[PDB]
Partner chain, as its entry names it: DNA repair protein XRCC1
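So this first bit is one chain, no partners, the form solved without its partner chain, shown in structure tokens.
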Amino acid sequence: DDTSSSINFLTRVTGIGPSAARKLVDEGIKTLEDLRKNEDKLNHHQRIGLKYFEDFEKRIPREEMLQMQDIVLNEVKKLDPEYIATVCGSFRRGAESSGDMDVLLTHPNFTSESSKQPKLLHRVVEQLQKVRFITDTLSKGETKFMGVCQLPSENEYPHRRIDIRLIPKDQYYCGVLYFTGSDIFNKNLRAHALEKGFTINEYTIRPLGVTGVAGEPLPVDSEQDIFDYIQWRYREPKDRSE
């Protein structure tokens, strides 16, 4: 009824899932003005999501992505040129517009053997805040940051969703591959790998064999290494629609 019409609306606020939305509509919270007069009922992530409600429903043109990409790769390099940062999503594939910016970050000092270096991520988050790029934090942990960013103006741009995730160096490219391609491409590359006797996931590529269910991750130093193993000619991100 109107109770389902309100829940649908509430699910449009980042951070407010179905469960939270229902109890909220139960509390008598139905419209955006209701939410704005009841921040005390929402968690941080939800409140920030509400603050940028409109901006968050606005698409991000490629021109802007390219500019935000320059700010991120640039600040990252200054901190330590040994950091590798890659903006993924449909954007990497050449999309004319995006809904957000998803970044995978790594550093050779951090391998899957390592695991426990929050500061490699935080140092980046902190620097991006110092330059007034990252403006708010939805939530931040030891390997993942979900937040808000905004392009600078001499007057202004809509606030945008940005996420940055710290990935082990030895699992990096398998990571970038997963976060690019496309649901359909990943599905197609994954199946071709199987025919070749390999199994690919977002962390590694392994050899399979008889009886099935086997492994031991091979070294990956580029996306190319993954394509080589399954003897597929390298496919540029723009040819990864499927």
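Residue numbers count along the first chain shown, from 1.
Just going by the entry, 17-25 versus 229-237 on mean CA temperature factor gives the higher value to 17-25. Stretches 128-136 and 108-116 differ in mean C-alpha B factor, with the higher average recorded for 108-116.
Among 65, 200, 48, 213, the highest C-alpha B-factor recorded in the PDB entry belongs to 213. The maximum CA B-factor among the listed residues 42, 208, 177, 60, taken from the PDB record, is found at 208. Among all modelled residues in its chain, residue 75 ranks in the lowest third by Cα B-factor. When the CA B factors of the chain's modelled residues are split into thirds, the value for residue 97 lands in the middle one. Ranked by Cα temperature factor within the chain, residue 143 sits in the middle third according to the deposited record. Among the modelled residues of the chain, residue 155 sits in the highest third by CA temperature factor in this PDB entry. When all modelled residues of the chain are sorted by CA temperature factor, residue 55 is found within the lowest third.
Note that the form solved in complex with its partner chain isn't included here; everything after this is about it.
Between its partner chain and the residues 191, 66, 214, 32, the one pair within 4.5 Å by heavy atoms in the entry with it bound involves 214. Partner contacts here mean any heavy atom within 4.5 Å of its partner chain in the entry with it bound, and among 45-53, 171-179, 24-32, 201-209 they occur only in 201-209. Contact with its partner chain in the entry with it bound, defined as a heavy atom within 4.5 Å, is made by none of 111, 113 and 120. At least one heavy atom of residue 231 is located within 4.5 Å of its partner chain in the entry with it bound.
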